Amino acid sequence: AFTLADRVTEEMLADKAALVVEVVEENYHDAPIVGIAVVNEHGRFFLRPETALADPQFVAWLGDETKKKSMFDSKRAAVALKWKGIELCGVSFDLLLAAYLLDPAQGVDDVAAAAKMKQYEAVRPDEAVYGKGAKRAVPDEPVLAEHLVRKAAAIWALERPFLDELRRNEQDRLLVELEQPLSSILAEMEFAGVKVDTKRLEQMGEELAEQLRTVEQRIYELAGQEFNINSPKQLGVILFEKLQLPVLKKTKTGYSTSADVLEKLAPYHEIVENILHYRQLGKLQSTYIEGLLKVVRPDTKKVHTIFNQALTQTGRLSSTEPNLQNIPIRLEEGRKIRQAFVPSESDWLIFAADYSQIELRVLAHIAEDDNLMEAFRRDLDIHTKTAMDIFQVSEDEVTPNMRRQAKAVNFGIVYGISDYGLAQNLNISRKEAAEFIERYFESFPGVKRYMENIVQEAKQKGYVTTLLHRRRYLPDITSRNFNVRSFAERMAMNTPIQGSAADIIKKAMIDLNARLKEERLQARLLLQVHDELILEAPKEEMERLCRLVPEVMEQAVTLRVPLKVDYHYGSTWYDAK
């Protein structure tokens, strides 16, 4: 049972509690809190939020760092409270992050899923309580109050067994010193948001709209017929049946029209270059103009992403609503989108700092490959050096094509090398790709030993680990299906690299936040994009940031090779180049 409380009392304010601050909307920015539950040594309490959040003693308790709270997804609560002007402190255990670290593959998205990992089932999945999609709703108070108290009771019961397993895994510091402090930093970044120049975005959409109309009219006259260019089915009929273009790859239902396939078809018809261009413009228009404008806040003109900290299988963050980790940059036309991302205050600038080749530097460290470590100790161009070694030429004899192919080898090595995967990427035969791979391992025998050993270790232990002891279980490493087993082998090779790189930048973020506070800088973190950090700061702080930010990022961990950070700043995200 539990107390359905009319007022906040002293016994609800104990120095250790499980706390539920329920935000049902999936995007929690400026979202309602629908109910609160507190479980502690004195009992179990449900509080209505309009009462609790107006009570100065409850607000003081929330913000008291010495009053310890155990929660699930405390960032969601912390951010929803920030929009109400209320500080949440003292979160000493986050069951979402604890479950994520123990096993990211569970996809633990609610308390019930985490509870099931320890044979605790006296709590309902959130989706069973609130419903799915269209029929999603907050239930009546008796039903809501029981759910929130059951969630708090589950958190109360599950802290000890989760912490015990984290300790056995040597992941306790990973939770308490990395992921939990990072959660507070992400909460601040999301709450700050990024300012958008919506007038510039709208002007870009207008120009894109004209150019789409121009290319689309060109495609129709080249096909002698109007059709929905955005339908892969209609497009496949036009290309491979009407225009009789060669079919070099079929999908499941019909024909493949992916950009790769289209590159090869461009010699046969002028329509193919136009379809590629039409796809480029339509992607910018639908996803990065129209889509961005849909989630810009009309009052502040800011976007407030949500960084999912407990989703990826490697320890990376992801970013949603909007995804600010896939804003175009590779092609100049899309890169101009970044001109619409601007500082949030006048006389401020965008500052962007990125690790140089962090994945291959991590590989050099974990493989202890003499040649690879020496290449980074010389700060060589790694792809040119790889071409020199693979193709047995001096630096002067590396042609652009040779560097391009060596780069592709380097990407395959990080991803989990295979002759078929490299052959697909370089448009060469499997036998040729195998020759490249054999030459690579002759030049980097420590990497070869590492890759063999990590696959065997994944088989023996059942999992692989990162530098800071994140883990990923790989049960498919023992499969007798070649495809399934090969997937797991590539994951064994890639996850310690991608995951260790994630560990490093997460530590850098914690270290940076602490240095910014010590220095009393106004500069603030806005975004992380896997190997880069984006900040905004007064123009008068740029000189100090040019020294501080790369140093903090470079010193976040000590590896057998240096870490190298490049940086740029300017009046928009585009200009921070």
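Numbers follow the displayed sequence, beginning with 1.
- For the pair 358-366 and 413-421, the mean Cα B-factor is higher in 413-421.
- Here 373-381 and 275-283 are compared by their mean Cα B-factor, and 275-283 comes out higher.
- Comparing the C-alpha B-factors of 121, 179, 221, 188 in the entry, the top value falls on 221.
- When the Cα B-factors of 352, 148, 96, 265 are read from the PDB record, 265 comes out highest.
- Ranked against the other modelled residues of its chain, the C-alpha B-factor of residue 51 as given in the entry falls in the highest third.
- Annotation for residue 531: C-alpha temperature factor in the lowest third relative to the rest of the modelled chain, per the entry.
- Annotation for residue 113: C-alpha temperature factor in the middle third relative to the rest of the modelled chain, per the entry.
- When the CA B factors of the chain's modelled residues are split into thirds, the value for residue 240 lands in the highest one.
- When the modelled residues of the chain are ordered by their C-alpha B factor, residue 196 lands in the middle third.
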